[PDB]
């Protein structure tokens, strides 16, 4: 009960990111999800997950674009479509055809059914999930955006769940299904289930080869103009 999980209430701003929502649900970020700066994210990700400042500064400062404040966000601000938030999410619907903010079990069923027969999700299953989620958006969302940039972000996010939710060695690029499923469905660290914070720092160099391998295995191709333009403010 240092950093216990407590379910968020109506007082609590939450976003499209399970990583940050979980940190807030354990009080590594403010539980109300407000007034969050990049230094706060940096410290929270290190304390909660052993994720290092390199990736969190890079993504954090892009995230700051989504608010109207000088140096902070509310977590829900991160839903802003086209800054980071993208189509073919693992657990959220595409904004053109649904709710791009909240966990969605119908969408999540693709990830939950992946790597059949195994007790982990891994790099090859993550790649197949990405391929299938993108195929679903291509089929059902006429306004889909799929670019080099969104594809990179998507593989990054798969690498993030694989490493932060791992069972001992984030380099392996695999994580127990029981941990990953709690993380997405509950936005809770699966401590009773047996998860522990990584004892290896999770950095850009550690992630990079995992990201590239997921991409390579996903049989990806760009759509439309393939323009990597982001939304720069609300």
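Numbering follows the first chain given and starts at 1.
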{"item": "Residue stretch of maximal mean CA temperature factor, 152 to 160 vs 90 to 98", "value": "90 to 98"}
{"item": "Given 140 to 148 and 77 to 85, the range whose Cα B-factors average higher in the PDB entry", "value": "140 to 148"}
{"item": "CA B-factor placement of residue 127, once the chain's modelled residues are sorted into thirds", "value": "lowest"}
{"item": "Chain-relative CA temperature factor third for residue 52", "value": "lowest"}
{"item": "Chain-relative CA temperature factor third for residue 21", "value": "lowest"}
{"item": "CA B-factor placement of residue 170, once the chain's modelled residues are sorted into thirds", "value": "middle"}
{"item": "Among modelled residues of the same chain, the CA temperature factor third for residue 207", "value": "lowest"}
